[PDB]
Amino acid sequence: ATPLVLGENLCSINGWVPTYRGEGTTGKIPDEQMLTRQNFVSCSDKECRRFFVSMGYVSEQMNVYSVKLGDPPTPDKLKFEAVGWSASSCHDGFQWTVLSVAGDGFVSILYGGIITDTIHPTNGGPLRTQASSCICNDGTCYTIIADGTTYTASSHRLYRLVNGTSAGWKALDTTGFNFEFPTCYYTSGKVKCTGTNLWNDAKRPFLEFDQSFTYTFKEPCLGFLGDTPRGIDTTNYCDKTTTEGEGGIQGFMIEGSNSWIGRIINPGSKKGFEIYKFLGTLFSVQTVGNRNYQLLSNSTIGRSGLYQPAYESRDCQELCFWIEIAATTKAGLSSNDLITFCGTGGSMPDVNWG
């Protein structure tokens, strides 16, 4: 048993390939499955797991469960993770760390299935996890937690975790903006994170940091707006797009030699998902845009987020993402499911997946 360590260099990405299309490909989800909520994917040294929150088939009776990515959320296949309605998890090579918001809005850290730490609100609660995979590398896990009673006065903290106990935190300067649900990936000695501004920005705030918690917030300079809601696409500039900048939904950008922005196509009817390659940094006006894949056209789209398969010693680090989709049960209840794409260096055709 050895610490999970990710790749220093990303695989080159030129397109995306489905690795899972959830139980609603038939149009409807089987009623024996749990009503699933706040879905995200995280990977260990041996598998990828689907984590979500559920009650049955904010409440005192929501739990965090996981199944193996690809297994359907039936009673047989469920693993109880924690009590809570907001969760983040990640694996370090030894054990799952699961961060969960429960009770009056504090977070409990479970390692294996043992409480290793709790964290309590300080700016008025409730605490909010990043609702996405956290990042473990070489024995340490990193995560981001939000406090504050309004998005207009939110506070954000960067946590480092060792075997599930807090090894410290750092206040992030988020003056002038809001930074919810950061979804992250590791590369070249940095964790890089895309968050959601529910207050004043139709673009997404960006964050990178290293293990010394030296950090930088960045604003994407591209008029292709990532948030939903949002207005008309703008010319390229380096500061915030404030128009329709209130509200928002979890989503991601990828910054690399090729950069990407994934977004909901129609902000009004939350229908369709597109992801768009750019030749260069998200943070220059001069960068151009090379290819836009319409991955979904007909499904209604909720949250989306990044994940890194890690069971590897390979020459190149793979990158994936999940999308939470509005679904309907056979009986006719509203629910979600979850689809996943993974990167490829191969240039892909135009295929609509749903």
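Start at 1 with the first residue shown and count on from there.
Unmodelled residues of the deposited sequence between neighbouring positions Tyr57 and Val58 number 10 or more.
Here the stretch with the larger average CA B-factor, out of 86 to 94 and 226 to 234, is 226 to 234. Here the stretch with the larger average CA B-factor, out of 306 to 314 and 290 to 298, is 306 to 314.
If you compare the C-alpha temperature factors of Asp239, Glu81, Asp104, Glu180 in the entry, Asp239 comes out highest. Within the selection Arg263, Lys77, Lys190, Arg157, the deposited Cα B-factor values reach their highest point at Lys77.
Per the deposited record, the Cα B-factor of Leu333 falls in the highest third when ranked against the other modelled residues of its chain.
Sorting the modelled residues of the chain by their CA temperature factor places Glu274 in the lowest third. In the PDB entry, a CA B factor belonging to the middle third of its chain's modelled residues is recorded for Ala167. Among all modelled residues in its chain, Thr19 ranks in the lowest third by Cα B-factor. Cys43: CA B factor in the middle third of modelled residues in this chain (values from the PDB entry).
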